[PDB]
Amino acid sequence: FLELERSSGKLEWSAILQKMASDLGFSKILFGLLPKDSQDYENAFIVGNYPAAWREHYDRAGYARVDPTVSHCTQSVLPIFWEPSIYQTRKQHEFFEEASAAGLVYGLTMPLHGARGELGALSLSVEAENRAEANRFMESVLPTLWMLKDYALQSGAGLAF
């Protein structure tokens, strides 16, 4: 975990974080960070291997105002699973439909709240065959993921700022 601290740059650090989450069973990973009182999601510090087509479309669609994981991160420190039950509006249902077309079907989102008021997320998708296999998997690794998201926040807030 503390390799994340050691890393020189965003580049090597980004490569460690992706090895680490891949090692755990995840396929697509997003680390995002904003400084305190900023809603400029379209311009956050972003690391990982999320499909760039999804990220650009998400930007243009204004999906930061729709993504249920985003309003959740601004109010909570606790994980949110990409369960069908977090997609509660016609817009969020449609947001899920497009995220699926990009392979972001099963996963979770750990909110990040740093010591300097930084706000962000560690999102990780898993490539599973049904909600039951996805959820059992994510609960196994949840306690390692719970430590990892804060090491990422601390070393990651360090490189960005």
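Throughout, we count residues from 1 along the sequence that is shown. For the two forms, the rigid core is made up of the largest set of C-alpha atoms that agree within 1.5 Å on superposition.
In summary, of the stretches 145-153 and 7-15, 7-15 shows the greater Cα distance from the shown form in 4 other deposited structures of this protein, with structures fitted on the rigid core. Per-stretch RMS Cα distance to the displayed form in 4 other deposited structures of this protein, following rigid core alignment, is highest for 48-56 when 105-113 and 48-56 are compared. Look at the C-alpha B-factors of 129-137 and of 94-102. On average they run higher in 129-137. Between 143-151 and 16-24, the higher mean Cα B-factor belongs to 16-24. Residue set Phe31, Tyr41, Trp54, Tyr63: peak C-alpha B-factor at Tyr41 (per PDB entry).
Per the deposited record, the Cα B-factor of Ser71 falls in the lowest third when ranked against the other modelled residues of its chain.
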